[PDB]
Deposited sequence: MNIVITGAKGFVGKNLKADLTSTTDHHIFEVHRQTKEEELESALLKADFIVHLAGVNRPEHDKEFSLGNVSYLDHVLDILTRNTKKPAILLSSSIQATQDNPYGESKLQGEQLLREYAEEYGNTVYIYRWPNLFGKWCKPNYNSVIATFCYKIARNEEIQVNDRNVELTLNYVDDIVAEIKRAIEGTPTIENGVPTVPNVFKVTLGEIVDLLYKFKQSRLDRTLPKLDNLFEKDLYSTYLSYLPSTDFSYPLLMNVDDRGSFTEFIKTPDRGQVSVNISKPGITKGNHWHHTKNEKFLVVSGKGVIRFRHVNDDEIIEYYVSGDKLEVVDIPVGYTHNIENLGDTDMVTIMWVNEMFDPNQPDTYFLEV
């Protein structure tokens, strides 16, 4: 299908275009402010669908586009957002085009311009760069659609099946969050480089907000150092922490090194040797028997570390053993729940 996109250089425009060239075989005709009149007319005359994203006689850009479409024999469909609706209804009646009229709320997502009156864009950009932000009123209710919903809704429309809610085409998943919640979320995401915590990804708004925030990071600033606890035996490094799904860390043991020899009451772990080779050993606290699990990066398998078994880990190889360690709780030096016991 020949699809034209007006205001192609805008926020939604770039998002839709990128998506449309990647996931469909439609020919996309982009039009914008520097498009020549001969190129605009040619596009609208061969279009099958028009996504419109853009008094002394001066006619609006919109009306100019509608008057040109007047001469497209194929009565192509027209999609747009209201923010003069009655005018568009009359255009559809007279010329025959199905024209989907949406009323989008405020938007957010990647590629929106910072410091040009989209308050979310500005906040992400500034917070990622440690810049003083202005919060006029934390209690202001926002009505938002994420960019992915807009884009996904437009594609439903392109195939003749748009979401209708009470007479009008309506993009699903609108959010209502106050400004304070947004700012707090933003600062929390930045803090998470320091404390290794993760966002609440089953909160749709938050997950959407986290992705959009990342997109505003300076290009020199994608990575952050981890705190390696290094000594002559190897290193132990925390990676991610969570209050509800435990935490993962990296243990590196040099050749011939044994670590552990402790047991836990309630703390438990999952060991994944991803490089090198060695043995994970267990003895029940009240018992004689030593049980050995020989493991290596050659064959990825998790060893659960059940409660009440003392356990140790040894490198048997002539290179460093690296083990991914999941633990069921964030470690607390007050209540370590770890008791030294050999074997």
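Comparing the deposited sequence with the modelled residues shows gaps at 55 to 65, 95 to 109, with numbering starting at 1.
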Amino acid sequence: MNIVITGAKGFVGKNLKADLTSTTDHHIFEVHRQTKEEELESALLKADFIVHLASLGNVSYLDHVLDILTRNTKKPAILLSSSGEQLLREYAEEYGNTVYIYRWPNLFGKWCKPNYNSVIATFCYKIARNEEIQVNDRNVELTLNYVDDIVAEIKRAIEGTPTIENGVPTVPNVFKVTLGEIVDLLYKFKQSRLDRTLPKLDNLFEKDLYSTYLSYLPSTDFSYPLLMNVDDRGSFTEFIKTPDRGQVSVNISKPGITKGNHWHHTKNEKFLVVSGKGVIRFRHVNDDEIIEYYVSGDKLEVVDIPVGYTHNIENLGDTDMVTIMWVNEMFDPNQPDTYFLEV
From here on, numbers count along this sequence of modelled residues.
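Comparing the deposited coordinates for 172 to 180 and 144 to 152, the stretch with the larger average C-alpha B-factor is 172 to 180. As listed in the deposited structure, the average C-alpha B-factor of 305 to 313 and of 292 to 300 is greater for 292 to 300.
For the set 187, 210, 95, 222, the maximum C-alpha B-factor listed in the entry falls on 95. Across the residues 122, 215, 247, 130, the deposited record lists the maximum Cα B factor for 130.
When all modelled residues of the chain are sorted by CA temperature factor, residue 114 is found within the middle third.
When the modelled residues of the chain are ordered by C-alpha B-factor, residue 266 sits in the lowest third.
Among all modelled residues in its chain, residue 251 ranks in the middle third by Cα B-factor.
Residue 319: CA B factor lies in the highest third for its chain, per the PDB record. The deposited CA B-factor of residue 235 belongs to the middle third of values across its chain.
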